[PDB]
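Residue-level structure breakdown
Listed here are the chains, written in short residue letters.
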Amino acid sequence: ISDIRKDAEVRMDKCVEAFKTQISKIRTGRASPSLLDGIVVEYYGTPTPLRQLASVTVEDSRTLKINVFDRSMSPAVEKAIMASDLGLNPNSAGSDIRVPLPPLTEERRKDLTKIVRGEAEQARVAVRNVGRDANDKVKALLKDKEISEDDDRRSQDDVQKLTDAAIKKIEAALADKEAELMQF
(Lines give C-alpha, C1' and ligand atoms only; values in the text may rest on other atoms or scores of the structure.)
Protein backbone atom coordinates (compact mmCIF):
# COMPACT_ATOMS: atom_id res chain seq x y z
CA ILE A 1 0.00 0.00 0.00
CA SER A 2 1.40 3.38 1.06
CA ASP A 3 4.87 2.07 1.92
CA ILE A 4 4.80 -0.54 -0.83
CA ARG A 5 3.82 2.07 -3.43
CA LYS A 6 6.50 4.52 -2.31
CA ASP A 7 9.01 1.67 -2.26
CA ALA A 8 8.00 0.90 -5.84
CA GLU A 9 8.33 4.54 -6.91
CA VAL A 10 11.80 4.82 -5.37
CA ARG A 11 12.88 1.53 -6.95
CA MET A 12 11.54 2.48 -10.39
CA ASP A 13 13.32 5.83 -10.08
CA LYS A 14 16.61 4.04 -9.36
CA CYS A 15 16.16 2.05 -12.57
CA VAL A 16 15.34 5.12 -14.67
CA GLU A 17 18.46 6.88 -13.40
CA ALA A 18 20.48 3.72 -13.92
CA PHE A 19 19.43 3.77 -17.57
CA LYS A 20 20.56 7.36 -18.07
CA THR A 21 23.91 6.66 -16.43
CA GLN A 22 24.71 3.78 -18.77
CA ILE A 23 23.42 5.88 -21.67
CA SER A 24 26.01 8.56 -20.84
CA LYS A 25 28.88 6.09 -21.25
CA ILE A 26 28.15 5.83 -24.98
CA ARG A 27 30.32 8.22 -26.97
CA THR A 28 28.52 10.17 -29.70
CA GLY A 29 29.63 12.90 -32.08
CA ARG A 30 29.19 15.89 -29.77
CA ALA A 31 31.45 16.87 -26.88
CA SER A 32 29.90 15.51 -23.69
CA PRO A 33 32.01 15.83 -20.49
CA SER A 34 29.73 13.34 -18.73
CA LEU A 35 31.22 10.53 -20.82
CA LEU A 36 34.46 10.52 -18.81
CA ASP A 37 32.64 10.36 -15.48
CA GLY A 38 33.80 6.79 -14.96
CA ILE A 39 37.48 7.32 -15.77
CA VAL A 40 39.77 6.27 -12.91
CA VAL A 41 43.50 6.85 -12.49
CA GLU A 42 46.02 5.46 -10.00
CA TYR A 43 46.97 8.31 -7.68
CA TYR A 44 49.78 7.53 -5.23
CA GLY A 45 48.76 3.88 -5.19
CA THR A 46 45.02 4.55 -4.95
CA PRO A 47 42.33 4.25 -7.67
CA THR A 48 41.04 7.80 -8.00
CA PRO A 49 38.14 9.16 -10.12
CA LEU A 50 39.03 11.60 -12.90
CA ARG A 51 37.01 14.43 -11.32
CA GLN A 52 39.47 14.43 -8.42
CA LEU A 53 42.59 15.05 -10.48
CA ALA A 54 41.34 17.07 -13.44
CA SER A 55 38.49 19.13 -14.86
CA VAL A 56 36.57 17.98 -17.93
CA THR A 57 35.07 20.85 -19.92
CA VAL A 58 33.80 21.61 -23.43
CA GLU A 59 36.08 23.72 -25.61
CA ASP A 60 34.33 22.81 -28.87
CA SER A 61 31.09 21.12 -29.94
CA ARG A 62 33.29 18.22 -31.06
CA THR A 63 36.19 18.52 -28.61
CA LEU A 64 36.72 17.98 -24.89
CA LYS A 65 39.28 19.54 -22.54
CA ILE A 66 40.87 17.92 -19.49
CA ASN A 67 42.91 20.17 -17.20
CA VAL A 68 44.83 18.05 -14.70
CA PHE A 69 45.59 19.59 -11.30
CA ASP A 70 48.88 17.72 -10.89
CA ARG A 71 50.80 18.12 -14.16
CA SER A 72 52.83 15.02 -13.31
CA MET A 73 49.49 13.19 -13.35
CA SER A 74 48.94 14.13 -17.00
CA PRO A 75 50.47 11.02 -18.64
CA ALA A 76 48.40 8.67 -16.45
CA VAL A 77 45.20 10.62 -17.11
CA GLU A 78 45.82 10.56 -20.86
CA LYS A 79 46.61 6.83 -20.67
CA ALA A 80 43.55 6.01 -18.56
CA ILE A 81 41.40 7.73 -21.19
CA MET A 82 42.96 5.86 -24.11
CA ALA A 83 42.65 2.50 -22.35
CA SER A 84 38.89 3.05 -22.09
CA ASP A 85 38.25 3.86 -25.76
CA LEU A 86 40.43 2.98 -28.76
CA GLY A 87 38.66 5.74 -30.69
CA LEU A 88 39.99 8.56 -28.51
CA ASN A 89 43.29 10.08 -29.65
CA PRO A 90 43.99 12.93 -27.17
CA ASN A 91 46.68 15.61 -27.31
CA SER A 92 48.43 17.26 -24.38
CA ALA A 93 50.62 20.36 -24.16
CA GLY A 94 51.12 21.00 -20.45
CA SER A 95 48.41 20.39 -17.87
CA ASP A 96 45.77 20.32 -20.61
CA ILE A 97 44.57 17.32 -22.60
CA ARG A 98 42.58 17.97 -25.79
CA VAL A 99 40.18 15.15 -26.63
CA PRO A 100 38.34 15.51 -29.95
CA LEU A 101 35.22 13.42 -30.57
CA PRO A 102 35.46 11.49 -33.86
CA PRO A 103 32.46 12.11 -36.15
CA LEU A 104 30.37 8.94 -36.29
CA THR A 105 29.76 7.15 -39.58
CA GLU A 106 26.26 6.23 -40.73
CA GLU A 107 27.04 2.61 -39.88
CA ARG A 108 28.26 3.49 -36.39
CA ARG A 109 25.20 5.65 -35.73
CA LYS A 110 23.03 2.66 -36.55
CA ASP A 111 25.14 0.33 -34.42
CA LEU A 112 25.12 2.73 -31.47
CA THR A 113 21.38 3.33 -31.87
CA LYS A 114 20.66 -0.38 -31.55
CA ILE A 115 22.67 -0.60 -28.31
CA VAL A 116 20.81 2.29 -26.67
CA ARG A 117 17.46 0.87 -27.78
CA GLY A 118 18.48 -2.42 -26.21
CA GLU A 119 19.43 -0.93 -22.85
CA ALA A 120 16.11 0.93 -22.87
CA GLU A 121 14.02 -2.23 -23.26
CA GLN A 122 16.05 -3.77 -20.45
CA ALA A 123 15.41 -0.67 -18.34
CA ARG A 124 11.71 -0.83 -19.25
CA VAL A 125 11.50 -4.48 -18.21
CA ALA A 126 13.17 -3.67 -14.87
CA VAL A 127 10.56 -0.99 -14.16
CA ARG A 128 7.71 -3.40 -14.90
CA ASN A 129 9.29 -6.07 -12.72
CA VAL A 130 9.45 -3.51 -9.93
CA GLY A 131 5.75 -2.81 -10.40
CA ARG A 132 4.92 -6.49 -10.75
CA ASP A 133 6.52 -7.24 -7.38
CA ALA A 134 4.71 -4.32 -5.73
CA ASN A 135 1.48 -5.86 -6.99
CA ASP A 136 2.45 -9.33 -5.74
CA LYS A 137 2.90 -7.79 -2.28
CA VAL A 138 -0.52 -6.12 -2.39
CA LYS A 139 -2.16 -9.30 -3.68
CA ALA A 140 -0.71 -11.05 -0.63
CA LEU A 141 -2.42 -8.57 1.69
CA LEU A 142 -5.71 -9.10 -0.15
CA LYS A 143 -5.24 -12.86 0.22
CA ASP A 144 -5.39 -12.23 3.96
CA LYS A 145 -7.92 -9.64 5.16
CA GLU A 146 -6.16 -6.31 5.68
CA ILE A 147 -6.97 -5.24 2.12
CA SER A 148 -10.33 -5.33 0.33
CA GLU A 149 -10.77 -6.09 -3.37
CA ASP A 150 -11.30 -2.36 -3.90
CA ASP A 151 -8.01 -1.32 -2.32
CA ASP A 152 -6.13 -3.93 -4.36
CA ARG A 153 -7.66 -2.83 -7.67
CA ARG A 154 -6.78 0.76 -6.77
CA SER A 155 -3.19 -0.21 -5.90
CA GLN A 156 -2.85 -1.94 -9.26
CA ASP A 157 -3.93 1.29 -10.97
CA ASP A 158 -1.57 3.51 -8.98
CA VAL A 159 1.28 1.07 -9.60
CA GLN A 160 0.40 0.99 -13.30
CA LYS A 161 0.60 4.79 -13.33
CA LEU A 162 4.04 4.76 -11.70
CA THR A 163 5.24 2.36 -14.40
CA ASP A 164 3.93 4.47 -17.28
CA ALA A 165 5.46 7.57 -15.69
CA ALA A 166 8.91 6.00 -15.34
CA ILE A 167 8.78 4.29 -18.72
CA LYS A 168 8.06 7.75 -20.14
CA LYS A 169 11.33 9.08 -18.71
CA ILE A 170 13.19 6.20 -20.36
CA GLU A 171 11.62 6.83 -23.77
CA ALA A 172 12.45 10.53 -23.46
CA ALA A 173 16.07 9.85 -22.52
CA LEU A 174 16.23 7.27 -25.29
CA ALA A 175 14.76 9.69 -27.84
CA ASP A 176 17.23 12.41 -26.84
CA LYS A 177 20.17 10.01 -27.14
CA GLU A 178 18.89 8.85 -30.53
CA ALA A 179 18.66 12.43 -31.78
CA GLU A 180 22.25 13.13 -30.75
CA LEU A 181 23.50 10.03 -32.57
CA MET A 182 21.93 10.87 -35.94
CA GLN A 183 22.64 14.58 -35.68
CA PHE A 184 26.37 14.05 -35.15
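Per the deposited record, X-ray crystallography is how this structure was determined, to a resolution of 2.2 Å.

1. Quick word on the layout of surface pockets
Approximately 330 Å³ is the volume found for the largest pocket. With three residues, helix α3 (residues 106-144) is the largest single contributor of residues to the lining of the largest pocket.

2. Considering the sheet that holds strand β5 (residues 91-92)
Across the sheet, which stays open at both edges, the four strands sit in the order β3-β4-β6-β5 with antiparallel pairing between neighbours. The open sheet terminates on both sides in strands that have one partner only, identified here as β3 (54-60) and β5. Across the sheet, helix α2 (residues 74-82) lies against β4 (63-68), β5 and β6 (96-100), angled at about 145° from β4, the strand it touches most.

3. Quick word on helix α1 (residues 2-23)
Along its 22 residues, α1 runs 32 Å from first to last C-alpha, staying within 8% of the 32 Å computed at 1.5 Å per residue. Along α1, the positions that sit buried rather than exposed are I4, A8, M12, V16, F19, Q22 and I23. Around the axis of α1, the buried residues are gathered within 130° of arc, so they sit on the same side. Counted as exposed and oriented over 90 degrees from the buried face of α1: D3, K6 and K14.

What counts, and where the lines are drawn
Residues numbered from 1 in each chain as written, not as in the entry; some residues may be left out. Heavy atoms only, no water. 1 Å grid on protein atoms, 1.4 Å probe; cavity = no way out; pocket = protein on both sides within 12 Å on 5 of 7 lines; lining within 4 Å. Points joined across faces, edges and corners; volume = space filled by probe spheres on them. Helix = DSSP H or I, 4+ residues; strand = E, 2+ residues; numbered from the N terminus. Pairing = 2+ DSSP bridges. Contact = heavy atoms within 4.5 Å. Axes fitted to C-alpha atoms, helices over the stretch in contact; angles between N-to-C directions. Expected span 1.5 Å × (residues − 1). Buried < 20%, exposed > 50% of the residue type's maximum accessible area, 1.4 Å probe, protein only. Arc of directions from axis to C-beta.

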